[PDB]
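Every chain is numbered from 1, with letters handed out A, B, ... down the list of sequences.
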Amino acid sequence: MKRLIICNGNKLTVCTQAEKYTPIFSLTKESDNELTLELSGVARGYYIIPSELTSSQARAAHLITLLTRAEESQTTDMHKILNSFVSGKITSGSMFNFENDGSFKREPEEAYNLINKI
Amino acid sequence: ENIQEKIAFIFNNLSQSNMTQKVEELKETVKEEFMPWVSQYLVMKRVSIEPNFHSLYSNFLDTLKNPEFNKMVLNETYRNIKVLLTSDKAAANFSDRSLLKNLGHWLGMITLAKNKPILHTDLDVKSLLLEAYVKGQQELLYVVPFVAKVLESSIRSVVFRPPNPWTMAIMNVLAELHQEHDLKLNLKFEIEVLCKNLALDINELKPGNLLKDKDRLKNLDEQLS
Amino acid sequence: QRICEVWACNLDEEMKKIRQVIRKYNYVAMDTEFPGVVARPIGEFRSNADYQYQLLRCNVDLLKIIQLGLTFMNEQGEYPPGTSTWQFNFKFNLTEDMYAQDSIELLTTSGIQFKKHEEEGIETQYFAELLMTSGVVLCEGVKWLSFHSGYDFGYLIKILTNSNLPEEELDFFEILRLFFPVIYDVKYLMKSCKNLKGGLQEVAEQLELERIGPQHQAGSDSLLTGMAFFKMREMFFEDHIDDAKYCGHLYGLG
Ligand SMILES: [Mg+2]
């Protein structure tokens, strides 16, 4: 069961497979710097966010941990995309494909052609 | 000597209107043998003492369209700059300090503004700033205004615009100098003006620790004297 | 020592040698190593050559270069005595950086020491400052040879401009012709060369070239590109390459 992240400008949407995908949450970058978390339909009745986390980026990184079942102290490839979007490193419309463990989707054949320049 | 009075006549009445006509006047008057004399005359007798007529002569070079003459002018500019850098830096030589500013302004216009680099083997700008700092306070009066005039043309270059890695290499060295409590206010004000000319913020620059590495300022290649 | 491995400690000492080589040996064969491709653009594109730039733009802006190899030759295809290739090893953390695992696995097998890169690697901003005034870029008379260099020149432009790639492919090439006025892509030239197909290693067996150095590393791959160009130019192009037909064209881009 793979995952997907779309960065369409000021919004980062996290979706899960269902090759249709259903959004889980979206992290909107508001006017000055504010991030807004908007959970999808069946997300508030599924995931519980502890009151210790307050910032919208902390609950976004907590939901990715719940999604990918990563350890408490980890940064998956899904967290790296979240950390890059929040710091504004993703400035173009791009999609990121992930495995169930949060790492980038494995493409053995494409990597072979890149180093070999085939 | 008759030809000598005709090269001076060509540059004496130059303007944007007759620039194309006077470019042809030079070609039929000065042969290939006398070309090195014209580059020496242009830099020493016109460029060095006339800062207002610098875009006039830069446009003359573009209109002339002679790559061999452009290399002679660039070589003569470096030769004249190094004569002033390796000289006696007296505190009363107000004129010699103005020649370096005019030659620095000319150098940036014909290299940086034309999307061309100032080659390291020709003039190493960053080590010039570091060497002048450790040599003394009179060597900074020659170099900081000279460097500020060279970097003025970086804003008019799509390559050397401030986001350039090499431009902020120089601008971060000047940010370290601006932080010194010994640098005089007349040199601090010149760095502030250069930041405003490049649409930069002196507070947003990133000064390093280049001025505290004494073991690196000892083996600097010497361009001053 | 045909290939010199350049780290942060000897970058300035090896730049002195490079600044004198470029005067006599003005042909620069080059290659880069990068952590792969992880992003795909959104939307519909009017051409396949426009999707390739947006795919190139999406990944260069996010990932960072690992290696760069520079080989210097003259018009006759001859090398400087001693060292002709320089391998620049840049800073790269395998924990804090984004990469494709199939690329890191394929680069580890080649022999890339990713722990040395993290601790003793070069900063790309300091390298670009040194390379700007060396005479290798922005200077007339220098010819750049490459092989399928859409990604290779995107990473070079990224560090040379210290900003993101232009949103339009027109502006990417406008700033490309300034730093690199002449570019020869050997893979693009192979389309007019009879029976030459494949990758760098595949094509450097029809030309019968013997590789020097470890495979899939920037220094040895750039050296192989230089021998590929001058051998292919000797059989198929009659020791002359048209500048109005092959210069500036990158494979896939355009
Ligand atoms: Mg390679």
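The environment of OH in A/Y112 is sparse: at most 12 heavy-atom neighbours from other residues, nucleotides or ligands sit within 6.0 Å. Enclosure of atom CD in A/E38 is not indicated, since only 12 or fewer non-hydrogen atoms of other residues, nucleotides or ligands lie within 6.0 angstrom. Under a cut-off of 6.0 angstrom, the local environment of CD in A/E30 is crowded, with over 12 non-hydrogen atoms contributed by other residues, nucleotides or ligands. Other residues, nucleotides and ligands contribute at most 12 non-hydrogen atoms within 6.0 Å of the NZ atom of C/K245. For A/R106, the CZ atom is densely surrounded, since the number of other residues' heavy atoms within 6.0 Å is greater than 12.
Closest of all the heavy-atom pairs between C/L62 and A/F96 is CD2-CE2, 3.6 Å. Closest approach of A/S94 and C/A39 over heavy atoms only: CB-CB, 4.1 Å. Minimum interatomic distance between A/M95 and C/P41 (heavy atoms only, all atoms of both residues): SD-O, 4.0 Å. When all heavy atoms of A/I118 and C/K187 are compared, the closest pair comes out as C-CE, 4.3 Å. What you find for A/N116 and C/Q215 is that their closest heavy atoms are OD1-NE2, 4.5 Å. Of all heavy-atom pairs spanning A/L114 and C/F34, the tightest one is CD2-CE1, 3.9 Å.
With a threshold of 4.5 angstrom between heavy atoms, A/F104 approaches chain C through side-chain atoms but not through N, CA, C or O. Interface remark: A/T75 contributes no atoms to any contact with chain C (heavy atom separation under 4.5 Å). Of the atoms belonging to C/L55, not a single heavy atom falls under 4.5 Å from chain A. Neither the backbone nor the side chain of A/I5 comes within less than 4.5 Å of any heavy atom in chain C. Within the 4.5 angstrom heavy-atom criterion, no atom of C/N59 approaches chain A. There is no contact between C/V203 and chain A, counting heavy-atom distances below 4.5 Å.
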#### Entry: Steps toward salt bridge (charged side-chain N to carboxylate O under 4.0 Å, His left out) verdict (A/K117, C/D31)
CA-CA 11 Å; A/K117 286 156 169 222; C/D31 187 6; 3.3 Å; yes

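Side-chain atoms of C/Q54 and A/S92, non-hydrogen and from C-beta on, never get closer than 4.5 Å to each other.
To the nearest 0.5 angstrom, A/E110 atom CD is 8.0 Å from C/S103 atom OG. Residue A/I115 holds its CD1 atom at 6.0 Å from OG of C/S110, rounded to the nearest 0.5 Å. In this structure, CE in C/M98 is found 5.5 Å from NZ in A/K89, a value given to the nearest 0.5 Å.
When C/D97, C/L107, C/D61 are compared by the number of non-hydrogen pairs under 4.5 Å with chain A, C/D97 comes out ahead. Interface check for chain A: of the options C/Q101, C/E167, C/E202, C/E105, the most heavy-atom pairs under 4.5 Å are formed by C/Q101.
A cation-pi arrangement, defined by a distance under 6.0 Å to the six-membered ring centre and an angle within 45 degrees of its axis, is present between A/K80 and C/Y99.
At least one donor-acceptor pair under 3.5 Å links the side chain of C/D102 to the backbone N or O of A/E107.
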